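Heads up, data.cif below (mmCIF, C-alpha atoms):
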```cif
data_target
loop_
_atom_site.label_atom_id
_atom_site.label_comp_id
_atom_site.auth_asym_id
_atom_site.auth_seq_id
_atom_site.Cartn_x
_atom_site.Cartn_y
_atom_site.Cartn_z
CA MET B 1 5.31 -2.10 -27.53
CA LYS B 2 4.51 -2.64 -23.84
CA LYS B 3 1.03 -3.02 -22.29
CA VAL B 4 0.21 -4.74 -18.97
CA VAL B 5 -1.54 -8.02 -19.79
CA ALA B 6 -2.06 -9.48 -16.31
CA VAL B 7 -2.67 -7.32 -13.22
CA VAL B 8 -2.63 -10.06 -10.57
CA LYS B 9 -5.02 -8.19 -8.22
CA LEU B 10 -4.71 -11.15 -5.82
CA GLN B 11 -3.94 -11.07 -2.09
CA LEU B 12 -1.09 -12.56 -0.02
CA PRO B 13 -0.28 -13.31 3.65
CA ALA B 14 2.61 -11.40 5.29
CA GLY B 15 4.91 -13.78 7.25
CA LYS B 16 3.07 -16.76 5.74
CA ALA B 17 3.87 -16.65 2.01
CA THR B 18 5.87 -19.54 0.51
CA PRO B 19 6.52 -21.53 -2.69
CA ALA B 20 2.83 -22.43 -2.36
CA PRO B 21 0.73 -19.24 -2.57
CA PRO B 22 -2.92 -19.06 -3.69
CA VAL B 23 -1.41 -18.42 -7.14
CA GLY B 24 1.78 -20.41 -7.78
CA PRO B 25 0.96 -21.42 -11.36
CA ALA B 26 -1.63 -18.66 -11.79
CA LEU B 27 1.44 -16.40 -11.40
CA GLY B 28 4.25 -18.44 -12.95
CA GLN B 29 4.10 -16.73 -16.36
CA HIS B 30 6.53 -13.84 -15.91
CA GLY B 31 9.46 -16.01 -17.03
CA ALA B 32 8.38 -18.60 -14.43
CA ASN B 33 9.89 -17.86 -10.99
CA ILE B 34 8.34 -18.29 -7.51
CA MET B 35 11.09 -17.76 -4.90
CA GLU B 36 11.88 -14.35 -6.42
CA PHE B 37 8.13 -13.75 -6.01
CA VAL B 38 7.92 -14.79 -2.36
CA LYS B 39 11.58 -13.90 -1.76
CA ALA B 40 10.61 -10.26 -2.34
CA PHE B 41 7.41 -10.93 -0.38
CA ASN B 42 8.73 -12.94 2.57
CA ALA B 43 11.66 -10.50 2.42
CA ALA B 44 9.29 -7.54 2.88
CA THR B 45 6.69 -9.24 5.05
CA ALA B 46 9.67 -10.44 7.10
CA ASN B 47 11.36 -7.02 7.02
CA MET B 48 8.06 -5.80 8.52
CA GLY B 49 6.09 -8.61 10.21
CA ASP B 50 3.00 -10.76 9.51
CA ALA B 51 -0.21 -9.68 7.70
CA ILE B 52 -2.11 -9.83 4.38
CA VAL B 53 -1.73 -7.65 1.27
CA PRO B 54 -3.78 -7.41 -1.98
CA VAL B 55 -1.27 -8.14 -4.77
CA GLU B 56 -1.69 -6.34 -8.06
CA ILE B 57 1.25 -7.69 -10.03
CA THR B 58 0.99 -5.45 -13.10
CA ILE B 59 2.55 -7.87 -15.59
CA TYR B 60 3.20 -7.10 -19.27
CA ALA B 61 3.29 -9.81 -21.95
CA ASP B 62 6.86 -8.68 -22.66
CA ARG B 63 7.17 -10.96 -19.62
CA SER B 64 7.63 -8.48 -16.76
CA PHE B 65 5.95 -8.03 -13.35
CA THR B 66 5.73 -4.47 -11.96
CA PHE B 67 4.15 -4.13 -8.48
CA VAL B 68 4.93 -3.85 -4.75
CA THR B 69 2.13 -3.26 -2.22
CA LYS B 70 2.92 -3.32 1.52
CA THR B 71 0.46 -4.08 4.36
CA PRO B 72 -3.33 -4.58 3.94
CA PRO B 73 -5.42 -2.07 1.91
CA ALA B 74 -4.73 1.63 2.56
CA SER B 75 -1.66 0.58 4.57
CA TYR B 76 -0.42 -0.67 1.15
CA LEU B 77 1.17 2.81 0.93
CA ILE B 78 -0.52 4.52 3.88
CA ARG B 79 2.22 2.84 5.95
CA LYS B 80 4.83 4.94 4.14
CA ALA B 81 2.88 8.21 4.43
CA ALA B 82 2.18 6.96 7.97
CA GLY B 83 5.39 7.00 10.06
CA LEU B 84 7.51 3.87 9.49
CA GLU B 85 11.16 4.91 9.88
CA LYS B 86 12.35 3.60 13.28
CA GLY B 87 15.38 5.92 13.53
CA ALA B 88 18.46 5.56 15.77
CA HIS B 89 19.48 8.27 18.26
CA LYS B 90 17.05 11.22 18.26
CA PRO B 91 16.16 13.79 20.96
CA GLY B 92 12.88 11.88 21.36
CA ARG B 93 9.35 13.31 21.02
CA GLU B 94 7.83 11.44 18.06
CA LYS B 95 5.49 8.57 17.07
CA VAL B 96 4.67 6.12 14.26
CA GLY B 97 1.71 5.77 11.86
CA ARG B 98 1.04 9.46 11.13
CA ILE B 99 -0.23 10.72 7.75
CA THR B 100 -1.15 14.28 6.72
CA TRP B 101 -4.40 15.67 5.30
CA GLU B 102 -3.18 16.28 1.72
CA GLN B 103 -1.10 13.10 1.68
CA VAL B 104 -4.22 11.03 2.42
CA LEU B 105 -6.00 13.09 -0.24
CA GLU B 106 -3.68 12.34 -3.16
CA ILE B 107 -3.58 8.77 -1.80
CA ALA B 108 -7.40 8.92 -1.78
CA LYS B 109 -7.71 11.16 -4.87
CA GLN B 110 -6.32 8.68 -7.40
CA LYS B 111 -8.44 6.24 -5.36
CA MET B 112 -11.54 8.15 -6.53
CA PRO B 113 -11.09 8.77 -10.29
CA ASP B 114 -14.83 8.41 -10.99
CA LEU B 115 -15.93 5.18 -9.28
CA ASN B 116 -18.78 6.60 -7.17
CA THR B 117 -17.24 9.00 -4.62
CA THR B 118 -17.00 12.73 -5.37
CA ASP B 119 -16.05 15.03 -2.47
CA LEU B 120 -12.42 14.82 -1.29
CA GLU B 121 -13.97 14.45 2.18
CA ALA B 122 -15.34 11.00 1.35
CA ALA B 123 -12.27 9.31 -0.17
CA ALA B 124 -10.28 11.41 2.34
CA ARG B 125 -11.97 9.96 5.44
CA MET B 126 -11.37 6.66 3.62
CA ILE B 127 -7.57 6.85 3.25
CA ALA B 128 -7.23 8.96 6.40
CA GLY B 129 -10.20 7.60 8.36
CA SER B 130 -9.02 4.17 7.12
CA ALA B 131 -5.67 4.97 8.75
CA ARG B 132 -7.63 5.62 11.95
CA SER B 133 -8.85 2.03 11.59
CA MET B 134 -5.22 0.91 11.28
CA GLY B 135 -4.93 3.15 14.36
CA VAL B 136 -2.80 5.51 12.25
CA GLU B 137 -3.73 9.20 12.51
CA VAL B 138 -3.47 12.37 10.38
CA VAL B 139 -0.75 14.92 11.15
CA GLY B 140 -2.34 18.31 10.37
CA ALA B 141 -5.74 18.97 8.75
CA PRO B 142 -6.17 22.20 10.76
CA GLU B 143 -9.69 23.44 11.61
CA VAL B 144 -10.15 26.80 13.36
CA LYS B 145 -12.24 29.98 12.94
CA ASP B 146 -11.34 32.30 15.84
CA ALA B 147 -8.54 33.74 13.68
#
```
Now that the file is in, can you turn its structure into structure tokens?
Amino acid sequence: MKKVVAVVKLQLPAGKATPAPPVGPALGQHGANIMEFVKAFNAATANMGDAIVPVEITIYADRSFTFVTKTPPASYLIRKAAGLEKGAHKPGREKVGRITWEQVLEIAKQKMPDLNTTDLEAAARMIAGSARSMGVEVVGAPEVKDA
């Protein structure tokens, strides 16, 4: 008795969203509420910074909206697997925006269910290589042969 009916696969500006998004009405259907919409957005885009994110508000006719993407494509979750944590008082020696081979795989695997890719190396370079675009980098993916 619950099946998504509207997957708002729209986009949205970080640090720039407001009671006047490219949707507004096109979204007001989940019980009709905008601020909560942008509140959670501006609240996250503000908790992070400014940017753009593809929204995929998986809504179900039962009148519910499940979804929360953060940062442009890839970064939508690559940011998490990347290195966003800040920290407080640590011995030092560390960085931000660092993913791992497998992590980008699963993140790229589900991203390649049967569309057109095939080898984990393609979608991989995507999620991972995409991270490179974002400047992010992998944290492993060993490659040796001299034992």
For this file, the PyMOL selection byres ((chain B and resi 120) around 12) selects which residues, as number ranges by chain?
B: 101-114, 116-119, 121-128
Counting only C-alpha atoms, which residues come within 12 Å of (11.3, -14.4, 0.6), with the point read in the file's coordinates, and could you list them as a list in words?
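Protein and nucleic acid residues near the point are residues 14, 15, 16, 17, 18, 19, 34, 35, 36, 37, 38, 39, 40, 41, 42, 43, 44, 45, 46 and 47 of chain B.
Closest to residue 98 of chain B among B:144, B:139, B:61, B:6 is B:139, based on all atoms listed in the file.
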Closest of B:3, B:9, B:63, B:95 to residue 31 of chain B - atom-to-atom distances counting all atoms listed in the file:
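Once distances to residue 31 of chain B are computed over all atoms listed in the file, the minimum belongs to B:63.
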Once the PyMOL selection byres ((chain B and resi 2) around 12) has been applied to the shown file, what residues remain in the selection, as a ChimeraX atom specification?
/B:1,3-5,58-65
Shell around residue 22 of chain B at 9 Å using all atoms listed in the file, local window under 2 positions removed, as a ChimeraX atom specification:
/B:10-12,20,24-26
Two-atom distance - atom CA of residue 8 of chain B, atom CA of residue 55 of chain B (Å):
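Atom-to-atom, atom CA of residue 8 of chain B to atom CA of residue 55 of chain B, that is 6.3 Å.
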Selection as an NGL selection string: residues within 12 Å of (-4.4, -7.0, -1.7), counting only C-alpha atoms:
:B and (7-14 or 51-57 or 67-77)
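We find atom CA of residue 99 of chain B and atom CA of residue 131 of chain B to be spaced 8.0 Å apart.
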Hey, which of B:93, B:48, B:79, B:115 ends up closest to residue 137 of chain B? Count all atoms listed in the file.
B:79
Tell me, in Å to one decimal, how far atom CA of residue 97 of chain B is from atom CA of residue 132 of chain B.
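Answer for the atom CA of residue 97 of chain B to atom CA of residue 132 of chain B separation: 9.3 Å.
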Padded axis-aligned box of segment 28-43 of chain B (4 Å per side), centre and edge lengths, Å, one decimal, as lines of an AutoDock Vina configuration file:
```
center_x = 8.0
center_y = -14.4
center_z = -7.2
size_x = 15.8
size_y = 16.3
size_z = 27.6
```
